[PDB]
Amino acid sequence: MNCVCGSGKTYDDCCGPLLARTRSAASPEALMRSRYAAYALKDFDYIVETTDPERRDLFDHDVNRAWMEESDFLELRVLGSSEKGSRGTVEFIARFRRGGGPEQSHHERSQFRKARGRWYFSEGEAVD
Ligand SMILES: [Zn+2]
């Protein structure tokens, strides 16, 4: 019994404290794979909350849903990650079934901003 996200953990022991909004991930990767689970659980509310203060204004309820509507999240596979005081960076691959049949994998590197000890998603794009 393992979590549906990059964590050798259960659902509760892993994503639970994050989705409960009770405990801070304290790590860029720890935040990322927990948010990934929220996408699969359509808890886009959690997503927005743990998004960068600047980027959070850019988010929308339906748009946040739009991704899961077309991309069925199968598995999350982290490649690398690093916390640097207040700046974080994580390279990953998100494997999802996009459409009726094809499994597509989104490989990119997301930067995270640390605010008040909590991690917030700043942005992510193709690995440079
Ligand atoms: Zn998890």
# chains A, B, ... in the order shown; residues from 1 in each chain; ligands from 1

call {"tool": "closest_atom_pairs", "arguments": {"of": "chain A", "to": "ligand 1", "cutoff": "12 Å", "atoms": "only C-alpha atoms and all ligand atoms", "output": "CSV"}}
result
residue,atom,partner,partner_atom_place_in_ligand_line,distance
A:1,CA,ligand 1,1 (Zn),11.7
A:2,CA,ligand 1,1 (Zn),8.4
A:3,CA,ligand 1,1 (Zn),4.9
A:4,CA,ligand 1,1 (Zn),5.9
A:5,CA,ligand 1,1 (Zn),4.5
A:6,CA,ligand 1,1 (Zn),6.3
A:7,CA,ligand 1,1 (Zn),5.6
A:8,CA,ligand 1,1 (Zn),8.3
A:9,CA,ligand 1,1 (Zn),7.0
A:10,CA,ligand 1,1 (Zn),7.1
A:11,CA,ligand 1,1 (Zn),5.6
A:12,CA,ligand 1,1 (Zn),7.9
A:13,CA,ligand 1,1 (Zn),8.0
A:14,CA,ligand 1,1 (Zn),4.6
A:15,CA,ligand 1,1 (Zn),4.1
A:16,CA,ligand 1,1 (Zn),7.6
A:17,CA,ligand 1,1 (Zn),9.8
A:18,CA,ligand 1,1 (Zn),8.9
A:19,CA,ligand 1,1 (Zn),9.5
A:25,CA,ligand 1,1 (Zn),10.9
A:29,CA,ligand 1,1 (Zn),10.7
A:30,CA,ligand 1,1 (Zn),8.4
A:31,CA,ligand 1,1 (Zn),9.3
A:32,CA,ligand 1,1 (Zn),9.2
A:33,CA,ligand 1,1 (Zn),5.9
A:34,CA,ligand 1,1 (Zn),4.8
A:35,CA,ligand 1,1 (Zn),8.2
A:36,CA,ligand 1,1 (Zn),7.8
A:37,CA,ligand 1,1 (Zn),5.9
A:38,CA,ligand 1,1 (Zn),8.8
A:39,CA,ligand 1,1 (Zn),11.2
A:40,CA,ligand 1,1 (Zn),10.6
A:41,CA,ligand 1,1 (Zn),11.1
A:75,CA,ligand 1,1 (Zn),10.6
A:76,CA,ligand 1,1 (Zn),9.4
A:77,CA,ligand 1,1 (Zn),11.5

call {"tool": "write_last_selection", "arguments": {"atoms": "C-alpha atoms", "output": "PDB file, in the first residue's frame"}}
result
ATOM      1  CA  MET A   1       0.000   0.000   0.000  1.00  0.00           C
ATOM      2  CA  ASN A   2       1.746   3.135  -1.290  1.00  0.00           C
ATOM      3  CA  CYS A   3       0.702   6.694  -2.173  1.00  0.00           C
ATOM      4  CA  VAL A   4      -0.463   7.596  -5.703  1.00  0.00           C
ATOM      5  CA  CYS A   5       2.411  10.104  -5.825  1.00  0.00           C
ATOM      6  CA  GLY A   6       6.213  10.186  -5.516  1.00  0.00           C
ATOM      7  CA  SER A   7       6.450   9.213  -1.846  1.00  0.00           C
ATOM      8  CA  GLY A   8       7.303   5.787  -0.402  1.00  0.00           C
ATOM      9  CA  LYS A   9       4.472   6.431   2.014  1.00  0.00           C
ATOM     10  CA  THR A  10       0.746   5.864   2.522  1.00  0.00           C
ATOM     11  CA  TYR A  11      -1.956   8.344   1.485  1.00  0.00           C
ATOM     12  CA  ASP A  12      -2.445   9.660   5.026  1.00  0.00           C
ATOM     13  CA  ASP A  13       1.203   9.663   6.158  1.00  0.00           C
ATOM     14  CA  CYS A  14       2.125  11.418   2.918  1.00  0.00           C
ATOM     15  CA  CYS A  15      -0.513  13.661   1.295  1.00  0.00           C
ATOM     16  CA  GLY A  16      -2.828  13.669   4.328  1.00  0.00           C
ATOM     17  CA  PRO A  17      -1.103  16.397   6.460  1.00  0.00           C
ATOM     18  CA  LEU A  18      -0.722  18.567   3.354  1.00  0.00           C
ATOM     19  CA  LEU A  19      -4.310  18.185   2.121  1.00  0.00           C
ATOM     20  CA  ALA A  25       5.776  20.213   3.336  1.00  0.00           C
ATOM     21  CA  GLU A  29       9.409  18.174  -3.883  1.00  0.00           C
ATOM     22  CA  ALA A  30       7.342  17.359  -0.784  1.00  0.00           C
ATOM     23  CA  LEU A  31       4.927  20.108  -1.781  1.00  0.00           C
ATOM     24  CA  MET A  32       4.908  19.179  -5.474  1.00  0.00           C
ATOM     25  CA  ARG A  33       3.974  15.480  -5.230  1.00  0.00           C
ATOM     26  CA  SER A  34       1.342  16.275  -2.605  1.00  0.00           C
ATOM     27  CA  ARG A  35      -0.241  18.823  -4.958  1.00  0.00           C
ATOM     28  CA  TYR A  36      -0.081  16.231  -7.747  1.00  0.00           C
ATOM     29  CA  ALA A  37      -2.289  13.996  -5.593  1.00  0.00           C
ATOM     30  CA  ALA A  38      -4.741  16.854  -5.053  1.00  0.00           C
ATOM     31  CA  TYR A  39      -5.066  17.130  -8.848  1.00  0.00           C
ATOM     32  CA  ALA A  40      -6.088  13.459  -8.965  1.00  0.00           C
ATOM     33  CA  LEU A  41      -8.472  14.155  -6.063  1.00  0.00           C
ATOM     34  CA  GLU A  75       1.954   8.162 -11.668  1.00  0.00           C
ATOM     35  CA  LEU A  76       4.374  10.889 -10.569  1.00  0.00           C
ATOM     36  CA  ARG A  77       8.122  10.328 -10.927  1.00  0.00           C
TER      37      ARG A  77
END

call {"tool": "residues_around", "arguments": {"residues": "range 103-115 of chain A", "least_positions_apart": "4", "cutoff": "6 Å", "atoms": "only C-alpha atoms", "output": "number ranges by chain"}}
result
A: 28, 86-98, 119-127

call {"tool": "write_last_selection", "arguments": {"atoms": "N, CA, C and O atoms", "output": "PDB file, in the first residue's frame"}}
result
ATOM      1  N   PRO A  28      10.384  21.537  -1.473  1.00  0.00           N
ATOM      2  CA  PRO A  28       9.773  21.803  -2.782  1.00  0.00           C
ATOM      3  C   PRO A  28       9.141  20.545  -3.379  1.00  0.00           C
ATOM      4  O   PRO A  28       7.990  20.563  -3.822  1.00  0.00           O
ATOM      5  N   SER A  86      15.345  29.636   0.684  1.00  0.00           N
ATOM      6  CA  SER A  86      14.016  30.166   0.390  1.00  0.00           C
ATOM      7  C   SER A  86      13.605  29.867  -1.055  1.00  0.00           C
ATOM      8  O   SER A  86      12.481  30.164  -1.465  1.00  0.00           O
ATOM      9  N   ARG A  87      14.513  29.272  -1.820  1.00  0.00           N
ATOM     10  CA  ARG A  87      14.246  28.931  -3.215  1.00  0.00           C
ATOM     11  C   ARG A  87      14.399  27.430  -3.425  1.00  0.00           C
ATOM     12  O   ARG A  87      15.368  26.830  -2.965  1.00  0.00           O
ATOM     13  N   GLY A  88      13.434  26.827  -4.106  1.00  0.00           N
ATOM     14  CA  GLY A  88      13.482  25.404  -4.375  1.00  0.00           C
ATOM     15  C   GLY A  88      13.369  25.107  -5.852  1.00  0.00           C
ATOM     16  O   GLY A  88      12.850  25.922  -6.619  1.00  0.00           O
ATOM     17  N   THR A  89      13.866  23.948  -6.254  1.00  0.00           N
ATOM     18  CA  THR A  89      13.807  23.521  -7.642  1.00  0.00           C
ATOM     19  C   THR A  89      13.668  22.002  -7.704  1.00  0.00           C
ATOM     20  O   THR A  89      14.380  21.288  -6.996  1.00  0.00           O
ATOM     21  N   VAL A  90      12.737  21.513  -8.523  1.00  0.00           N
ATOM     22  CA  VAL A  90      12.518  20.076  -8.661  1.00  0.00           C
ATOM     23  C   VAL A  90      12.260  19.689 -10.119  1.00  0.00           C
ATOM     24  O   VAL A  90      11.388  20.253 -10.786  1.00  0.00           O
ATOM     25  N   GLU A  91      13.059  18.743 -10.602  1.00  0.00           N
ATOM     26  CA  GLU A  91      12.896  18.155 -11.927  1.00  0.00           C
ATOM     27  C   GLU A  91      12.025  16.908 -11.796  1.00  0.00           C
ATOM     28  O   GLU A  91      12.276  16.081 -10.915  1.00  0.00           O
ATOM     29  N   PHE A  92      11.014  16.755 -12.646  1.00  0.00           N
ATOM     30  CA  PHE A  92      10.094  15.625 -12.512  1.00  0.00           C
ATOM     31  C   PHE A  92       9.481  15.203 -13.846  1.00  0.00           C
ATOM     32  O   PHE A  92       9.622  15.883 -14.867  1.00  0.00           O
ATOM     33  N   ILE A  93       8.800  14.061 -13.803  1.00  0.00           N
ATOM     34  CA  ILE A  93       8.022  13.541 -14.917  1.00  0.00           C
ATOM     35  C   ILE A  93       6.647  13.104 -14.410  1.00  0.00           C
ATOM     36  O   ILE A  93       6.546  12.246 -13.530  1.00  0.00           O
ATOM     37  N   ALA A  94       5.597  13.717 -14.940  1.00  0.00           N
ATOM     38  CA  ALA A  94       4.230  13.356 -14.582  1.00  0.00           C
ATOM     39  C   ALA A  94       3.617  12.485 -15.673  1.00  0.00           C
ATOM     40  O   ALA A  94       3.429  12.942 -16.800  1.00  0.00           O
ATOM     41  N   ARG A  95       3.324  11.229 -15.345  1.00  0.00           N
ATOM     42  CA  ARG A  95       2.735  10.303 -16.307  1.00  0.00           C
ATOM     43  C   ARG A  95       1.219  10.290 -16.164  1.00  0.00           C
ATOM     44  O   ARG A  95       0.683   9.927 -15.112  1.00  0.00           O
ATOM     45  N   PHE A  96       0.535  10.681 -17.227  1.00  0.00           N
ATOM     46  CA  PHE A  96      -0.913  10.758 -17.231  1.00  0.00           C
ATOM     47  C   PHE A  96      -1.473  10.240 -18.550  1.00  0.00           C
ATOM     48  O   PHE A  96      -0.816  10.304 -19.588  1.00  0.00           O
ATOM     49  N   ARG A  97      -2.683   9.720 -18.494  1.00  0.00           N
ATOM     50  CA  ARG A  97      -3.381   9.247 -19.672  1.00  0.00           C
ATOM     51  C   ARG A  97      -4.177  10.402 -20.265  1.00  0.00           C
ATOM     52  O   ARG A  97      -5.185  10.829 -19.700  1.00  0.00           O
ATOM     53  N   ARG A  98      -3.708  10.918 -21.392  1.00  0.00           N
ATOM     54  CA  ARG A  98      -4.304  12.099 -22.001  1.00  0.00           C
ATOM     55  C   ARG A  98      -5.071  11.706 -23.255  1.00  0.00           C
ATOM     56  O   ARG A  98      -4.480  11.465 -24.309  1.00  0.00           O
ATOM     57  N   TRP A 119       5.944  26.129   1.444  1.00  0.00           N
ATOM     58  CA  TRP A 119       6.369  26.145   0.050  1.00  0.00           C
ATOM     59  C   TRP A 119       5.209  26.465  -0.881  1.00  0.00           C
ATOM     60  O   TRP A 119       4.106  25.936  -0.725  1.00  0.00           O
ATOM     61  N   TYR A 120       5.477  27.342  -1.842  1.00  0.00           N
ATOM     62  CA  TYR A 120       4.490  27.765  -2.826  1.00  0.00           C
ATOM     63  C   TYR A 120       5.053  27.584  -4.235  1.00  0.00           C
ATOM     64  O   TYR A 120       6.214  27.908  -4.495  1.00  0.00           O
ATOM     65  N   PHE A 121       4.233  27.051  -5.131  1.00  0.00           N
ATOM     66  CA  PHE A 121       4.636  26.818  -6.517  1.00  0.00           C
ATOM     67  C   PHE A 121       4.784  28.135  -7.276  1.00  0.00           C
ATOM     68  O   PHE A 121       3.812  28.871  -7.443  1.00  0.00           O
ATOM     69  N   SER A 122       5.995  28.417  -7.751  1.00  0.00           N
ATOM     70  CA  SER A 122       6.272  29.662  -8.459  1.00  0.00           C
ATOM     71  C   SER A 122       6.030  29.504  -9.959  1.00  0.00           C
ATOM     72  O   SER A 122       5.298  30.287 -10.562  1.00  0.00           O
ATOM     73  N   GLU A 123       6.640  28.491 -10.566  1.00  0.00           N
ATOM     74  CA  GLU A 123       6.470  28.243 -11.995  1.00  0.00           C
ATOM     75  C   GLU A 123       7.169  26.960 -12.410  1.00  0.00           C
ATOM     76  O   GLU A 123       7.980  26.419 -11.662  1.00  0.00           O
ATOM     77  N   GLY A 124       6.835  26.475 -13.596  1.00  0.00           N
ATOM     78  CA  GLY A 124       7.439  25.268 -14.115  1.00  0.00           C
ATOM     79  C   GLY A 124       7.379  25.223 -15.623  1.00  0.00           C
ATOM     80  O   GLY A 124       6.359  25.577 -16.217  1.00  0.00           O
ATOM     81  N   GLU A 125       8.474  24.809 -16.245  1.00  0.00           N
ATOM     82  CA  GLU A 125       8.547  24.706 -17.695  1.00  0.00           C
ATOM     83  C   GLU A 125       9.599  23.679 -18.090  1.00  0.00           C
ATOM     84  O   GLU A 125      10.285  23.121 -17.226  1.00  0.00           O
ATOM     85  N   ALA A 126       9.715  23.429 -19.391  1.00  0.00           N
ATOM     86  CA  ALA A 126      10.635  22.424 -19.912  1.00  0.00           C
ATOM     87  C   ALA A 126      12.056  22.663 -19.402  1.00  0.00           C
ATOM     88  O   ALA A 126      12.549  23.794 -19.417  1.00  0.00           O
ATOM     89  N   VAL A 127      12.693  21.591 -18.942  1.00  0.00           N
ATOM     90  CA  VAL A 127      14.060  21.653 -18.430  1.00  0.00           C
ATOM     91  C   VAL A 127      15.005  22.319 -19.432  1.00  0.00           C
ATOM     92  O   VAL A 127      15.106  21.900 -20.592  1.00  0.00           O
TER      93      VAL A 127
END

call {"tool": "atom_distance", "arguments": {"atom1": "CA of residue 71 in chain A", "atom2": "CA of residue 99 in chain A"}}
result
7.0 Å

call {"tool": "select_by_dssp", "arguments": {"residues": "chain A", "states": "strand (DSSP E or B)", "output": "ChimeraX atom specification"}}
result
/A:51,71-84,87-98,103-115,118-125

call {"tool": "write_last_selection", "arguments": {"atoms": "N, CA and C atoms", "output": "compact mmCIF listing (two decimals), in the first residue's frame"}}
result
# COMPACT_ATOMS: atom_id res chain seq x y z
N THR A 51 0.06 27.72 -4.07
CA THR A 51 0.69 28.36 -5.22
C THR A 51 1.25 29.73 -4.81
N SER A 71 -6.24 15.06 -18.73
CA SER A 71 -5.07 14.29 -18.34
C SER A 71 -5.34 13.48 -17.06
N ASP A 72 -5.61 12.19 -17.24
CA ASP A 72 -5.83 11.27 -16.13
C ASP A 72 -4.49 10.94 -15.47
N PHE A 73 -4.28 11.41 -14.25
CA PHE A 73 -2.99 11.26 -13.58
C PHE A 73 -2.76 9.81 -13.13
N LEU A 74 -1.76 9.16 -13.72
CA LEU A 74 -1.43 7.77 -13.39
C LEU A 74 -0.36 7.70 -12.30
N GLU A 75 0.82 8.25 -12.59
CA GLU A 75 1.95 8.16 -11.67
C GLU A 75 2.84 9.40 -11.77
N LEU A 76 3.46 9.76 -10.64
CA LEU A 76 4.37 10.89 -10.57
C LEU A 76 5.78 10.37 -10.26
N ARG A 77 6.76 10.83 -11.02
CA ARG A 77 8.12 10.33 -10.93
C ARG A 77 9.11 11.49 -10.87
N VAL A 78 9.64 11.74 -9.68
CA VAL A 78 10.60 12.81 -9.47
C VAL A 78 11.98 12.41 -10.01
N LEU A 79 12.67 13.36 -10.62
CA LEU A 79 14.00 13.13 -11.18
C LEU A 79 15.07 13.70 -10.25
N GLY A 80 14.84 14.93 -9.81
CA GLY A 80 15.75 15.59 -8.89
C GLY A 80 15.06 16.72 -8.15
N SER A 81 15.65 17.17 -7.05
CA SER A 81 15.06 18.23 -6.23
C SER A 81 16.10 18.81 -5.28
N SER A 82 15.96 20.10 -4.96
CA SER A 82 16.89 20.78 -4.06
C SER A 82 16.21 21.97 -3.36
N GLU A 83 16.36 22.03 -2.04
CA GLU A 83 15.95 23.20 -1.27
C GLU A 83 17.15 24.11 -1.02
N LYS A 84 17.01 25.39 -1.35
CA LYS A 84 18.07 26.37 -1.15
C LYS A 84 17.55 27.54 -0.32
N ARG A 87 14.51 29.27 -1.82
CA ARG A 87 14.25 28.93 -3.22
C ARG A 87 14.40 27.43 -3.42
N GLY A 88 13.43 26.83 -4.11
CA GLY A 88 13.48 25.40 -4.38
C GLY A 88 13.37 25.11 -5.85
N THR A 89 13.87 23.95 -6.25
CA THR A 89 13.81 23.52 -7.64
C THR A 89 13.67 22.00 -7.70
N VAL A 90 12.74 21.51 -8.52
CA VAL A 90 12.52 20.08 -8.66
C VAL A 90 12.26 19.69 -10.12
N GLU A 91 13.06 18.74 -10.60
CA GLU A 91 12.90 18.15 -11.93
C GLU A 91 12.02 16.91 -11.80
N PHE A 92 11.01 16.76 -12.65
CA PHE A 92 10.09 15.62 -12.51
C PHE A 92 9.48 15.20 -13.85
N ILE A 93 8.80 14.06 -13.80
CA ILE A 93 8.02 13.54 -14.92
C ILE A 93 6.65 13.10 -14.41
N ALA A 94 5.60 13.72 -14.94
CA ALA A 94 4.23 13.36 -14.58
C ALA A 94 3.62 12.48 -15.67
N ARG A 95 3.32 11.23 -15.35
CA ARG A 95 2.74 10.30 -16.31
C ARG A 95 1.22 10.29 -16.16
N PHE A 96 0.54 10.68 -17.23
CA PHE A 96 -0.91 10.76 -17.23
C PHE A 96 -1.47 10.24 -18.55
N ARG A 97 -2.68 9.72 -18.49
CA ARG A 97 -3.38 9.25 -19.67
C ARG A 97 -4.18 10.40 -20.27
N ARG A 98 -3.71 10.92 -21.39
CA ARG A 98 -4.30 12.10 -22.00
C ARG A 98 -5.07 11.71 -23.25
N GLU A 103 -0.90 7.32 -23.13
CA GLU A 103 -0.31 7.77 -21.88
C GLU A 103 0.84 8.72 -22.17
N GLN A 104 0.68 9.98 -21.80
CA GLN A 104 1.68 11.00 -22.05
C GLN A 104 2.40 11.35 -20.75
N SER A 105 3.66 11.72 -20.84
CA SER A 105 4.45 12.05 -19.66
C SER A 105 5.06 13.44 -19.79
N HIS A 106 4.69 14.32 -18.87
CA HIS A 106 5.14 15.71 -18.88
C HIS A 106 6.43 15.83 -18.07
N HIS A 107 7.55 15.97 -18.76
CA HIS A 107 8.85 16.16 -18.12
C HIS A 107 9.20 17.64 -18.09
N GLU A 108 9.36 18.19 -16.90
CA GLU A 108 9.76 19.58 -16.75
C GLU A 108 10.29 19.86 -15.35
N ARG A 109 10.82 21.06 -15.18
CA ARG A 109 11.45 21.47 -13.93
C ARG A 109 10.72 22.68 -13.35
N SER A 110 10.15 22.50 -12.16
CA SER A 110 9.38 23.56 -11.52
C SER A 110 10.17 24.21 -10.39
N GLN A 111 10.12 25.54 -10.36
CA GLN A 111 10.72 26.33 -9.30
C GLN A 111 9.66 26.64 -8.24
N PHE A 112 10.07 26.62 -6.98
CA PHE A 112 9.17 26.88 -5.86
C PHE A 112 9.74 27.98 -4.98
N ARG A 113 8.86 28.81 -4.43
CA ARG A 113 9.24 29.88 -3.52
C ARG A 113 8.81 29.53 -2.09
N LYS A 114 9.71 29.72 -1.15
CA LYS A 114 9.44 29.45 0.26
C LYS A 114 9.02 30.73 0.96
N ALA A 115 7.83 30.72 1.55
CA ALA A 115 7.29 31.88 2.25
C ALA A 115 6.77 31.49 3.62
N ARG A 118 6.44 27.88 4.56
CA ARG A 118 5.63 27.05 3.67
C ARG A 118 6.13 27.17 2.24
N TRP A 119 5.94 26.13 1.44
CA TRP A 119 6.37 26.14 0.05
C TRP A 119 5.21 26.47 -0.88
N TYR A 120 5.48 27.34 -1.84
CA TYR A 120 4.49 27.77 -2.83
C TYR A 120 5.05 27.58 -4.24
N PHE A 121 4.23 27.05 -5.13
CA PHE A 121 4.64 26.82 -6.52
C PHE A 121 4.78 28.13 -7.28
N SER A 122 6.00 28.42 -7.75
CA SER A 122 6.27 29.66 -8.46
C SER A 122 6.03 29.50 -9.96
N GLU A 123 6.64 28.49 -10.57
CA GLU A 123 6.47 28.24 -12.00
C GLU A 123 7.17 26.96 -12.41
N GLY A 124 6.84 26.48 -13.60
CA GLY A 124 7.44 25.27 -14.11
C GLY A 124 7.38 25.22 -15.62
N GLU A 125 8.47 24.81 -16.24
CA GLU A 125 8.55 24.71 -17.69
C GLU A 125 9.60 23.68 -18.09

call {"tool": "residues_around", "arguments": {"residues": "range 59-67 of chain A", "least_positions_apart": "3", "cutoff": "7 Å", "atoms": "only C-alpha atoms", "output": "ChimeraX atom specification"}}
result
/A:42,44,48,55-56,70-71

call {"tool": "select_by_dssp", "arguments": {"residues": "chain A", "states": "helix (DSSP H, G or I)", "output": "PyMOL selection string"}}
result
chain A and resi 11-19+28-40+44-49+53-56+61-70

call {"tool": "write_last_selection", "arguments": {"atoms": "N, CA and C atoms", "output": "compact mmCIF listing (two decimals), in the first residue's frame"}}
result
# COMPACT_ATOMS: atom_id res chain seq x y z
N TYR A 11 -1.22 7.13 1.83
CA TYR A 11 -1.96 8.34 1.49
C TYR A 11 -1.91 9.32 2.66
N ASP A 12 -2.36 8.84 3.82
CA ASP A 12 -2.45 9.66 5.03
C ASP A 12 -1.08 10.19 5.45
N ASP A 13 -0.13 9.29 5.66
CA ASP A 13 1.20 9.66 6.16
C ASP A 13 1.91 10.61 5.20
N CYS A 14 1.52 10.57 3.94
CA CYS A 14 2.12 11.42 2.92
C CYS A 14 1.28 12.66 2.63
N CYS A 15 0.28 12.52 1.76
CA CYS A 15 -0.51 13.66 1.29
C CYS A 15 -1.48 14.18 2.36
N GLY A 16 -1.81 13.33 3.34
CA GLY A 16 -2.83 13.67 4.33
C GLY A 16 -2.58 14.99 5.06
N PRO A 17 -1.41 15.17 5.70
CA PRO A 17 -1.10 16.40 6.46
C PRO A 17 -1.11 17.65 5.58
N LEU A 18 -0.76 17.46 4.31
CA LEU A 18 -0.72 18.57 3.35
C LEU A 18 -2.14 18.96 2.95
N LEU A 19 -2.93 17.96 2.54
CA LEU A 19 -4.31 18.18 2.12
C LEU A 19 -5.18 18.62 3.30
N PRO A 28 10.38 21.54 -1.47
CA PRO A 28 9.77 21.80 -2.78
C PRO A 28 9.14 20.55 -3.38
N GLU A 29 9.90 19.45 -3.37
CA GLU A 29 9.41 18.17 -3.88
C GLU A 29 8.23 17.68 -3.04
N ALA A 30 8.37 17.81 -1.72
CA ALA A 30 7.34 17.36 -0.78
C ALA A 30 6.02 18.06 -1.05
N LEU A 31 6.11 19.32 -1.45
CA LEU A 31 4.93 20.11 -1.78
C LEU A 31 4.38 19.67 -3.14
N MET A 32 5.29 19.46 -4.09
CA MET A 32 4.91 19.18 -5.47
C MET A 32 4.10 17.89 -5.59
N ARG A 33 4.61 16.79 -5.04
CA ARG A 33 3.97 15.48 -5.23
C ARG A 33 2.68 15.38 -4.42
N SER A 34 2.57 16.20 -3.39
CA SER A 34 1.34 16.28 -2.61
C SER A 34 0.27 17.02 -3.39
N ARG A 35 0.67 18.08 -4.10
CA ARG A 35 -0.24 18.82 -4.96
C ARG A 35 -0.71 17.94 -6.11
N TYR A 36 0.23 17.17 -6.67
CA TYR A 36 -0.08 16.23 -7.75
C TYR A 36 -1.25 15.32 -7.35
N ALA A 37 -1.23 14.87 -6.10
CA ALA A 37 -2.29 14.00 -5.59
C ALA A 37 -3.62 14.74 -5.53
N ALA A 38 -3.55 16.02 -5.15
CA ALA A 38 -4.74 16.85 -5.05
C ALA A 38 -5.39 17.03 -6.43
N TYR A 39 -4.56 17.08 -7.47
CA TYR A 39 -5.07 17.13 -8.85
C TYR A 39 -5.91 15.89 -9.15
N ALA A 40 -5.39 14.73 -8.75
CA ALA A 40 -6.09 13.46 -8.97
C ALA A 40 -7.35 13.38 -8.10
N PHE A 44 -8.42 21.11 -6.21
CA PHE A 44 -7.68 22.21 -6.81
C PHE A 44 -7.62 23.40 -5.86
N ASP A 45 -8.48 23.38 -4.84
CA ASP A 45 -8.47 24.40 -3.80
C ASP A 45 -7.11 24.40 -3.10
N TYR A 46 -6.67 23.21 -2.70
CA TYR A 46 -5.36 23.04 -2.06
C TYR A 46 -4.25 23.56 -2.97
N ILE A 47 -4.38 23.25 -4.26
CA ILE A 47 -3.39 23.64 -5.26
C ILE A 47 -3.17 25.15 -5.23
N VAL A 48 -4.25 25.88 -5.45
CA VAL A 48 -4.23 27.34 -5.46
C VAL A 48 -3.59 27.89 -4.18
N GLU A 49 -4.01 27.35 -3.04
CA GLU A 49 -3.52 27.81 -1.74
C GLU A 49 -2.00 27.68 -1.64
N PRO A 53 2.14 33.50 -4.19
CA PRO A 53 1.23 34.63 -4.00
C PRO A 53 0.95 35.38 -5.31
N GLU A 54 1.97 35.48 -6.16
CA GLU A 54 1.83 36.16 -7.45
C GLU A 54 1.05 35.28 -8.43
N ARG A 55 1.40 34.00 -8.49
CA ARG A 55 0.81 33.08 -9.46
C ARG A 55 -0.61 32.69 -9.06
N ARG A 56 -0.90 32.78 -7.77
CA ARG A 56 -2.19 32.37 -7.22
C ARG A 56 -3.31 33.22 -7.80
N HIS A 61 -10.61 28.35 -10.93
CA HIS A 61 -11.23 27.08 -10.51
C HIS A 61 -11.37 26.10 -11.68
N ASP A 62 -11.94 26.58 -12.78
CA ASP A 62 -12.25 25.72 -13.92
C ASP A 62 -10.98 25.34 -14.68
N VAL A 63 -10.07 26.29 -14.81
CA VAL A 63 -8.80 26.04 -15.48
C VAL A 63 -7.99 24.98 -14.72
N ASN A 64 -8.03 25.07 -13.39
CA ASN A 64 -7.35 24.10 -12.53
C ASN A 64 -7.94 22.71 -12.74
N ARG A 65 -9.25 22.65 -12.97
CA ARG A 65 -9.93 21.40 -13.26
C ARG A 65 -9.60 20.92 -14.68
N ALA A 66 -9.44 21.87 -15.59
CA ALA A 66 -9.25 21.57 -17.02
C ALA A 66 -8.17 20.52 -17.25
N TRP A 67 -7.07 20.61 -16.50
CA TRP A 67 -5.95 19.69 -16.66
C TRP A 67 -6.37 18.24 -16.38
N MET A 68 -7.06 18.00 -15.26
CA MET A 68 -7.45 16.64 -14.88
C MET A 68 -8.50 16.09 -15.84
N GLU A 69 -9.27 17.00 -16.43
CA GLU A 69 -10.35 16.64 -17.35
C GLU A 69 -9.81 15.95 -18.60
N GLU A 70 -8.60 16.35 -19.00
CA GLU A 70 -7.99 15.84 -20.23
C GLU A 70 -6.79 14.93 -19.93

call {"tool": "decode", "arguments": {"residues": "range 102-113 of chain A", "atoms": "N, CA and C atoms", "output": "PDB file, in the first residue's frame"}}
result
ATOM      1  N   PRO A 102      -3.789   7.016 -25.189  1.00  0.00           N
ATOM      2  CA  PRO A 102      -2.371   7.382 -25.055  1.00  0.00           C
ATOM      3  C   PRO A 102      -1.988   7.875 -23.655  1.00  0.00           C
ATOM      4  N   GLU A 103      -0.899   7.317 -23.132  1.00  0.00           N
ATOM      5  CA  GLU A 103      -0.314   7.769 -21.875  1.00  0.00           C
ATOM      6  C   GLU A 103       0.843   8.721 -22.169  1.00  0.00           C
ATOM      7  N   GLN A 104       0.675   9.980 -21.801  1.00  0.00           N
ATOM      8  CA  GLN A 104       1.682  11.003 -22.049  1.00  0.00           C
ATOM      9  C   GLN A 104       2.397  11.347 -20.747  1.00  0.00           C
ATOM     10  N   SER A 105       3.664  11.722 -20.843  1.00  0.00           N
ATOM     11  CA  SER A 105       4.454  12.048 -19.665  1.00  0.00           C
ATOM     12  C   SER A 105       5.060  13.444 -19.793  1.00  0.00           C
ATOM     13  N   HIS A 106       4.689  14.323 -18.870  1.00  0.00           N
ATOM     14  CA  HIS A 106       5.145  15.706 -18.883  1.00  0.00           C
ATOM     15  C   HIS A 106       6.430  15.831 -18.070  1.00  0.00           C
ATOM     16  N   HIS A 107       7.552  15.971 -18.764  1.00  0.00           N
ATOM     17  CA  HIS A 107       8.849  16.159 -18.117  1.00  0.00           C
ATOM     18  C   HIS A 107       9.200  17.639 -18.092  1.00  0.00           C
ATOM     19  N   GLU A 108       9.362  18.191 -16.895  1.00  0.00           N
ATOM     20  CA  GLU A 108       9.761  19.583 -16.749  1.00  0.00           C
ATOM     21  C   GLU A 108      10.289  19.861 -15.350  1.00  0.00           C
ATOM     22  N   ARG A 109      10.824  21.063 -15.179  1.00  0.00           N
ATOM     23  CA  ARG A 109      11.448  21.470 -13.931  1.00  0.00           C
ATOM     24  C   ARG A 109      10.717  22.675 -13.350  1.00  0.00           C
ATOM     25  N   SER A 110      10.147  22.502 -12.162  1.00  0.00           N
ATOM     26  CA  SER A 110       9.375  23.556 -11.517  1.00  0.00           C
ATOM     27  C   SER A 110      10.165  24.215 -10.389  1.00  0.00           C
ATOM     28  N   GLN A 111      10.123  25.543 -10.363  1.00  0.00           N
ATOM     29  CA  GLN A 111      10.723  26.328  -9.295  1.00  0.00           C
ATOM     30  C   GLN A 111       9.665  26.645  -8.242  1.00  0.00           C
ATOM     31  N   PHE A 112      10.071  26.618  -6.983  1.00  0.00           N
ATOM     32  CA  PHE A 112       9.170  26.878  -5.863  1.00  0.00           C
ATOM     33  C   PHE A 112       9.740  27.982  -4.977  1.00  0.00           C
ATOM     34  N   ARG A 113       8.857  28.808  -4.433  1.00  0.00           N
ATOM     35  CA  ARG A 113       9.241  29.875  -3.516  1.00  0.00           C
ATOM     36  C   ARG A 113       8.809  29.531  -2.095  1.00  0.00           C
TER      37      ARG A 113
END
